[PDB]
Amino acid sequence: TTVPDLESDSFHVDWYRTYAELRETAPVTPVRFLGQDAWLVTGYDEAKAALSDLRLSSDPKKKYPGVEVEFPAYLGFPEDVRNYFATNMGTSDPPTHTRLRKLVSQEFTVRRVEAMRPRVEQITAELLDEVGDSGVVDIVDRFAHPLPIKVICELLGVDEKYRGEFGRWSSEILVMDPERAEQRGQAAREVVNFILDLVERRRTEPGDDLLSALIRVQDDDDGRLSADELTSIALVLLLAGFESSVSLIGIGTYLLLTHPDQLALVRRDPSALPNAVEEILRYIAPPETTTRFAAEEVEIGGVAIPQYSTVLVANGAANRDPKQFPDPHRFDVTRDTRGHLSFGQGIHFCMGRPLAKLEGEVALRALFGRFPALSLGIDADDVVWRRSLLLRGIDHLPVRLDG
């Protein structure tokens, strides 16, 4: 009947209750979003099946006769800008996806990530050193946001004097408001221009960073990254490389601050921190929904998704499907979190998982270790959640350093 409108407050206010009510009626249902028809998948089994079915494409650049492909995430994006944003692993299907991922995997290794551990630890310490010993501060602006941004910049060879602008553009892009479609596309163009200059500088002055290495990566069979591929991969690595981690740190801080019992456990047993981060991701997945396009008719959960349909796989809703995660609304750092979809599923499974876990673990351990009496600076019910189905997070979070 009343087709769900993903722009309504129902999806940004106690929204997991909304996902539950939909999942109960039909884990695969028609919805409206940004002026287009789509299918929302809220069931865990259904979401896993969907992400595993390659008939559900990840490429927004593919053309189909008489069809105008529109991914919600590229709202307001001029075509050329979309291409700059979508010529990488996450926006490619095999065989192209296969070679792009293989080449990037040669340099974006666990070794390279672990080599940054000392840097993550030092940056974390320095940021915490600057907030003081007492009073109220915005833990996002002073910590959760600057840490990942500095880490990804060092990984991608982005000099200090070029880190003060893209954070603002990226922020505008996380929100999908039809009212600001033009501003969103303009923010996107700035990011493109920024990446074009970064690549130019790196080709001219090589270093030991990941971008420099991708400029040189090659393989007898897979070949190498074309100029367009290199540029597009650098772009998403820059944005995806810090935004999801900022969300994790902010959400994790909020969850630990509002679940004293859970925080107590993690502290008593340090070996419990890794799974705590996994549960924080299971509880409130940053990539709440991920988009796919039906290149052919595809049946999911007994529902025939018509060919050329836009499919929104609700990774977050799937993580709260009681059939997969019993007592889903309980944040439990001890639960078996295996199988959650916050890092994806299938061929597009997160390539940054090692780094995301490293940052989350280092950041939360340091923050709560430095401030044993840390407390929320506002009522839990007054925290403002980012209005985005692309990347859920917290943009401002007051905390009292000394309780």
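The numbering used is simple: start at 1 and walk along the sequence shown.
In this entry, 260 to 268 shows the higher mean Cα temperature factor of the pair 281 to 289 and 260 to 268. When the two stretches 310 to 318 and 126 to 134 are set side by side, the higher mean Cα temperature factor goes to 126 to 134. The residue among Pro148, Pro178, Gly250, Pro95 whose C-alpha atom has the highest B-factor in the PDB entry is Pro178. By the numbers in the PDB entry, the CA B factor is greatest at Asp219 among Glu243, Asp219, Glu114, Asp209. When all modelled residues of the chain are sorted by CA temperature factor, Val333 is found within the highest third. For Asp37, the recorded CA B-factor ranks within the highest third of the chain. Only modelled residues enter the ranking. The deposited CA B-factor of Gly339 belongs to the middle third of values across its chain. For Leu391, the recorded CA B-factor ranks within the lowest third of the chain. Only modelled residues enter the ranking. In the PDB entry, a CA B factor belonging to the highest third of its chain's modelled residues is recorded for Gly301.
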